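Inspection log for the structure reproduced underneath, given as structure tokens.
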Amino acid sequence: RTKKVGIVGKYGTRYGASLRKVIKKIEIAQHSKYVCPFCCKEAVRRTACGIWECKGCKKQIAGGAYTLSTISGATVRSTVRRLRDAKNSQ
Amino acid sequence: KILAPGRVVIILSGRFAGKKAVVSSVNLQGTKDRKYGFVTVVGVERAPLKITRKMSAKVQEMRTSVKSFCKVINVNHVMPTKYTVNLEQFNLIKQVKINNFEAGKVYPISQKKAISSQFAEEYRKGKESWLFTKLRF
Amino acid sequence: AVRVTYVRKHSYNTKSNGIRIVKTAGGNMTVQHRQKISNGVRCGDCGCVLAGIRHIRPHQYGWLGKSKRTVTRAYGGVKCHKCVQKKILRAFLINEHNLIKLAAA
Amino acid sequence: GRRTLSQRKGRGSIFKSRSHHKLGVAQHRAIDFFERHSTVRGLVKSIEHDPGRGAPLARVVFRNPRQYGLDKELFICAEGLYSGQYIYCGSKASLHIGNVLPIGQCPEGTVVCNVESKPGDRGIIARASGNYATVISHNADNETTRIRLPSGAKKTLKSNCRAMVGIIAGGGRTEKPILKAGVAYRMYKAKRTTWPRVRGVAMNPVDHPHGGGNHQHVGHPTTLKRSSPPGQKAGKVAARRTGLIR
Amino acid sequence: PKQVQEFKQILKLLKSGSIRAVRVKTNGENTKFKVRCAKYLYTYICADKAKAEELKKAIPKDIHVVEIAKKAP
RNA sequence: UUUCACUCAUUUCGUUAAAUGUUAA
RNA sequence: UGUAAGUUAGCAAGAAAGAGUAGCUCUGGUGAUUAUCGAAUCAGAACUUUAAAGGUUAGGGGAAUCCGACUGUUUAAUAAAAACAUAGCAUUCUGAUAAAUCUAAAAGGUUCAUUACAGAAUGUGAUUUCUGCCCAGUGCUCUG
RNA sequence: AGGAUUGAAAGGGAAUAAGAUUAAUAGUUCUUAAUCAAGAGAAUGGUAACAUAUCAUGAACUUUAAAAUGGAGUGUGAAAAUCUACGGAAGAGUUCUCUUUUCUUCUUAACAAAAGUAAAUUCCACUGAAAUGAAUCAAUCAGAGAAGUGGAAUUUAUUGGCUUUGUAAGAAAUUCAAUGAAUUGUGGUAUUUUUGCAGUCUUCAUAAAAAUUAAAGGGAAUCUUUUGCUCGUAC
């Protein structure tokens, strides 16, 4: 249907090519479905900015504004895990 | 067998949800009308209240009274436990057979009171304790 | 086509000013004041609408029969039948675990 | 001249916060014995959207340790918390995401949010979406610890200040480019009346110190002392540098 | 207004002392025995004349009975 | 002569002023 | 039916340009229930005439130059614009007992139910491309 | 036990409808028919979802829900209006040129009942899907269990949505006679409005609170009749 304007073709021709290219990355990831960390189904959809709900699995998760998990919030979960192990042992 | 006569089960659904009952007769195949795996149980509908050393002798008898029930239940709506009662001690529960559960009509009140009376007697001696403690969800 | 008028002194199409035009004798159409749409009860845990309880106004449950506003089950009218089954398992299984964990492990 | 719009903002007449649909005050529970010598267990009932702020808010429900009943709190969601989760607050709480611990029991390099600047004040620092503070060092001599504020500043706090382990949810909120004036109009639905900002140079000499003449220009330096009286304090205050950085 | 369904409910209704007024309506096919009580106006639709006569025998004598036909009273 | 150590006016806060401090256990 | 240059590749575009359209009499397609029942819709064919959207309703088109990027707002009552706003870009200060700032004062007040992805103060005005040299003067700042 | 006053005749809220009547008031008067509040006189059934004209006790204390929550667009249930098919009854118009013709009426309330019978969603039992099925305009769903069969519940402008019934034909409408007589079937794969429902989309926007009510956990304790005040009400 379109050559290289995937979802931002709704913006038409009125916001600058670069600004439409930048928002395309976010808008694809904002409406996309994610794998639910409990029931492992691709059934998590965003409700509000930062809130994600597992549709057929009855859970609400706090996440990024447009993605379920951010990069910054992913290395923190591992960083705290390493410190927790070190604190317990010696 | 997990579900054998005398085994104490916990009901999960229905009016008797959360009551403790004693398995009487198991039938995993089911009858022609009973198209499911079912077991007959006799349980404590109303747990006895805790008594003290202050009330009159009449009250301590009334307070320790136990009201029981008899019901054919589905095996999927119960949770078998690790506790087993002595069916010979509870002789009035052996005689509860499947043919005694007539569909659509009230269960004989006289039979219920007989088991309710014995349940109170067995509890008064303190022989069985975990059976008669109410489950606090 | 018969055109009607508001009977009461309210003149705006608010939620509480809902009307229904019904027909009457002689071809005359009158104005009926229709009720608002209520919501039913919800499970306190999963927030799902319970079955067996009607969706009527809060004061109308006073006029309901005493058996028509609750379900004959533990936590009836406040919890779904699934909301209660997990409650029983939690109460029993956890207590069983605490008997082998402590108390002469 | 007149009073500039900056002066009129301090009166608070149409510049009051549009806080009607807000959920409440997001803070830790009040400090008590069970939070100082034991742990309390809280249940994350729900995660909700608070108007006017980017991070979601969690409705945590603690049992009342001294009386019979409940105790309903309103935390700021750490990124990762889910409904039905159990969180533990107290001096003995484990180092899991979402648990509230005194800042002195956390190892070096750990990441905390909603830190208390003064003990018992229920959260001051690192509260916005995606923000966090990192624990730098402890000092058992005077029971003080160092943390790095999200602005890069280093702050020293008493070691018994509480903090929630993790990252505030809603990260990356400001990376999505606003595109329409309408979208920026909707951003301040639960905020103050500040959005459509008229340039001072486009004003008239009465209204603003920048209100120019036959050509739109300022005419005098836009870097001012901190001690300028209100009304003429417009531009850059106590600026040590200007221009573009290389 | 409530409608009674069988005879034995309206035989019992009449022999009670709570009756207040009886109106009999004759129509093209049926006859309605609208007994006026304190609260409701119970009525019985009968399709047999012989059964209608039996009802008039059971009516007490201290109560007023009104007969209504193709012309309003 | 700033330089310190305490709190006792003083400042800023928190709660339902709900286990602070020292022993015992 | 056909449609250009240009283009942020989305548009330009109803581009431009050409043909048909009436009345009467018929034919076919699109379903439901097991032959009957129903829907206005599309296509086609002869014949005739005053050759048919036009009673009413109902876009003039093309080639360029300047300004503003766009949707929006404005001097009630002579200026609706190239002016204001706007998103984008950028600069400054502030760890909250703070910054800005109202008040004569105040356990006073606003942003603040807030906490740097925040608050406050400004310049330029979408996108692309580029922002050259100068710290002497006047400002501002300094760990001197 | 917990936080004082005011703040809405468009926000929330106990309960009334039809016909008639006046020179003028009428959900207010009259007739008829109802409703609400305040009073006065320690249970069964179903496997289960859940169900029983009050029934079938339930104090302090705590919790949950309702009141109470954006918008767009698509599909669809139902009612009314318009249009139309069959079958008539009564009256009117045209009629020198024809027209088995054109036109008008053929109705029904609040509150309740339960012959007959719908659409949609969510749950329950049996069984266990791959040769993957099921389904929508679009989607969407499934071994933390699909489709199939048999059930339960709620919503659909009052009881229970539609027809039907009591109300209630005695009213009202259309005619005829000089107060008295006549009739008041059944449909539609059409359009619009209203009213719900179902999922989809959208937000750096997430789209009120209290009065008030019900239920639960807990185990403390051992039909008839009376009244319903103040103020606005014309145009």
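Quick mapping for you: the protein sequence lines, in order, are chains A, B, C, D and E.
My numbering numbers the first residue of the first sequence as 9 and each following residue consecutively.
My numbering numbers the first residue of the second sequence as 2 and each following residue consecutively.
My numbering numbers the first residue of the third sequence as 2 and each following residue consecutively.
My numbering numbers the first residue of the fourth sequence as 13 and each following residue consecutively.
My numbering numbers the first residue of the fifth sequence as 54 and each following residue consecutively.
Note that the Cβ used here is the ideal one computed from N, Cα and C, for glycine as well.
(Q) If I follow the unbroken beta strand (DSSP E) through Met176(D), where does it start and stop? (A) The residue labelled residue 176(D) in the question sits at position 164 within the fourth sequence. Residues 174 to 177.
Review point. So is residue 2(A) buried or exposed if we call it buried at 16+ other beta carbons inside 10 Å?
Key: Look at the range of chain A in this structure, 9 to 98, and you will see that residue 2(A) is not part of it.
Sort out for me which residues DSSP pairs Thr87(A) with in a bridge.
As a position in the first sequence, residue 87(A) is number 79, starting the count at 1. According to DSSP, which records beta bridges pairwise, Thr87(A) is partnered with nothing at all.
request  = Give the residues from the segment 55 to 74 of chain C that approach chain B closer than 8 Å (Cβ to any Cβ), ordered along the chain.
outcome  = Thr73, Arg74
- Query: What runs of the alpha helix (DSSP H), each 4 residues or longer, lie entirely inside the segment 28 to 55 of chain B?
  - Reply: none
Distance between beta carbons of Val50(C) and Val32(C), contact taken as under 8 Å: If you number the third sequence from 1, residue 32(C) lands on position 31. If you number the third sequence from 1, residue 50(C) lands on position 49. No, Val32(C) and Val50(C) are not in contact; Cβ-Cβ is about 32 Å, not under 8 Å.
### Message
For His39(A), report the span of its alpha helix (DSSP H) as first-last.
### Response
Residue mapping note: residue 39(A) aligns to position 31 of the first sequence, counting from 1. Element bounds for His39(A): 25 to 39.
Between which two residues does the beta strand (DSSP E) carrying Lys85(E) extend? On the fifth sequence, position 32 is the one that residue 85(E) refers to. Per DSSP, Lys85(E) belongs to the beta strand (DSSP E) from 84 to 89.
Neighbour flag for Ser69(B) against chain C, beta carbons, 8 Å
Walking along the second sequence from the start, residue 69(B) turns up at place 68. By this cut-off, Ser69(B) is not an interface position.
Name, please, each residue of chain D whose Cβ falls closer than 9 Å to the Cβ of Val88(A).
-> The count along the first sequence starts at 1 and reaches residue 88(A) at position 80. Those within 9 Å of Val88(A) in chain D are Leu107, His108, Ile109, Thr122, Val123, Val177, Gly178.
Please identify the residue among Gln98(A), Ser40(A), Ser86(A), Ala73(A) whose C-alpha is closest to the C-alpha of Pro189(D).
The sequence position of residue 189(D) within the fourth sequence is 177, counting from 1. With distances taken between Cα atoms, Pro189(D) lies closest to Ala73(A).
Interface residues of the segment 90 to 104 of chain C facing chain B [CB-CB below 8 Å]:
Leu90, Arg91, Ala92, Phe93, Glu97
Three or more C-beta pairs under 8 Å: does that hold for the segment 42 to 62 of chain C against the segment 80 to 98 of chain A? no
Margin query: I'd like the list of long-range same chain contacts for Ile109(D), defined as Cβ closer than 6 Å, with 5 residues on each side in sequence excluded.
Written below: Translated into positions along the fourth sequence, residue 109(D) becomes position 97. Excluding sequence neighbours, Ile109(D) sits near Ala90, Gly92, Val177, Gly178.
If the criterion is Cβ atoms closer than 8 Å, does the pair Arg35(C) and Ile20(C) meet it? Looking up residue 35(C) in the third sequence gives position 34. Looking up residue 20(C) in the third sequence gives position 19. Yes, Cβ-Cβ distance for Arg35(C) and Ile20(C) is below 8 Å.
Item to complete: Would you mind telling me which residues of chain A sit closer than 9 Å to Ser58(D), beta carbon to beta carbon, in chain order?
Response: Locating residue 58(D) in the fourth sequence gives position 46, where the first residue counts as 1. Under the 9 Å cutoff, chain A gives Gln68.
(request) Buried or exposed for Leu113(D), please, with buried defined as at least 16 other CB atoms from any protein chain shown within 10 angstroms of its CB. (result) Along the fourth sequence, one-based indexing puts residue 113(D) at 101. Buried, by the Cβ-count rule.
- Message: Please give me, in chain order, every unbroken run of the alpha helix (DSSP H) with length at least 4 that falls completely inside the segment 113 to 157 of chain D.
- Response: none
Worksheet item: If you scan the segment 192 to 248 of chain D from start to end, which runs of the alpha helix (DSSP H) of 4 or more residues do you find wholly inside it?
Response: 193 to 199
How many whole angstroms separate the CB atoms of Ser95(D) and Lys67(A), which I take to be in contact at a CB cut-off of 8 Å?
Indexing the fourth sequence from 1 puts residue 95(D) at position 83. Indexing the first sequence from 1 puts residue 67(A) at position 59. Right, the Cβ-Cβ distance comes to about 6 Å (below 8 Å), so this counts as a contact.
* **Residues of the segment 65 to 84 of chain D whose Cβ lies closer than 9 Å to any Cβ of chain A, in chain order** => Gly66, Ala67, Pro68, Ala70
(Q) Can you tell me whether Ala38(D) is buried or exposed? The criterion is at least 16 other CB atoms within 10 Å of its CB, across all chains shown. (A) Against the fourth sequence, residue 38(D) aligns to sequence position 26. Label assigned to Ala38(D): buried.
Just the chain B side, please: which residues come within less than 7 Å of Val85(C) by C-beta, in chain order?
-> Counting from 1 along the third sequence, the entry for residue 85(C) is found at position 84. Here the neighbours are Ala18.
- Query: For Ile31(A), which residues from the same chain have a beta carbon less than 7 Å from its beta carbon, with the 5 sequence-adjacent residues on both sides left out?
  - Reply: Sequence index remark: in the first sequence, residue 31(A) carries index 23 (1-based). So the qualifying residues of the chain are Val16.
task = Compare the C-alpha of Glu103(B) against each of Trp131(B), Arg35(B), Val86(B) and name the closest.
result = Locating residue 103(B) in the second sequence gives position 102, where the first residue counts as 1. Among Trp131(B), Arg35(B), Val86(B), the Cα nearest to that of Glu103(B) belongs to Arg35(B).
| request: Determine the contact status of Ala58(B) and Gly44(B), defining contact as a CB-CB distance below 8 Å. | output: In the second sequence, the residue the question calls residue 58(B) occupies position 57. In the second sequence, the residue the question calls residue 44(B) occupies position 43. Not a contact, by the Cβ cut-off of 8 Å.
Q: Please check if any C-beta of chain D sits within less than 8 Å of the C-beta of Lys95(A).
A: For the purposes of this step, residue 95(A) is identified with residue 87 of the first sequence, where counting begins at 1. Cβ-Cβ to chain D under 8 Å: yes for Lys95(A).
Is there at least one Cβ from chain D nearer than 8 Å to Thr21(A)'s Cβ? Here residue 21(A) refers to the residue found at position 13 of the first sequence. With 8 Å as the cut-off, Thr21(A) does not count as an interface residue toward chain D.
Q. So who's on the other strand from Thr31(C), going by DSSP bridges?
A. Taking the third sequence and counting its residues from 1, one reaches residue 31(C) at position 30. According to DSSP, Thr31(C) bridges with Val23(C).
Subject >> Spatially closest choice to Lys16(C) from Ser39(C), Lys83(C), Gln61(C), by CA coordinates >> reply: Within the third sequence, the letter at position 15 stands for residue 16(C). Among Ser39(C), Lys83(C), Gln61(C), the Cα nearest to that of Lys16(C) is on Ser39(C).
Inset, instruction - Locate the beta strand (DSSP E) running through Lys68(B), then write down its first and last residues. - result: On the second sequence, residue 68(B) is found 67 positions in, with the first residue counted as 1. Per DSSP, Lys68(B) belongs to the beta strand (DSSP E) from 68 to 75.
- Item | Assigned exposure category for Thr122(D) - 16 Cβ within 10 Å defines buried | The count along the fourth sequence starts at 1 and reaches residue 122(D) at position 110. Per the 10 Å Cβ criterion, buried.
Next item on the list: Take the Cβ of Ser141(D) as the centre, count every other Cβ of all protein chains shown within 10 Å, and call the residue buried at 16 or more, exposed below.
Entry: Within the fourth sequence, numbered from 1, the residue matching residue 141(D) stands at position 129. Buried: at least 16 other Cβ atoms inside 10 Å.
- Query: Residues in the segment 27 to 42 of chain A with C-beta within 7 Å of chain D's C-beta atoms, listed in sequence order?
  - Reply: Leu27, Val30, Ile31, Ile34
Original post:
So, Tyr23(A) versus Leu76(A), is the Cβ gap smaller than 8 Å?
Top reply: Here the question's residue 23(A) lines up with position 15 in the first sequence. Here the question's residue 76(A) lines up with position 68 in the first sequence. No, the Cβ-Cβ distance between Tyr23(A) and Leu76(A) is not below 8 Å.
Margin query: To the nearest angstrom, how far is the alpha carbon of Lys57(D) from that of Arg54(B)?
Written below: The count along the fourth sequence starts at 1 and reaches residue 57(D) at position 45. The count along the second sequence starts at 1 and reaches residue 54(B) at position 53. Using only the alpha carbons, I get a separation of about 43 Å.
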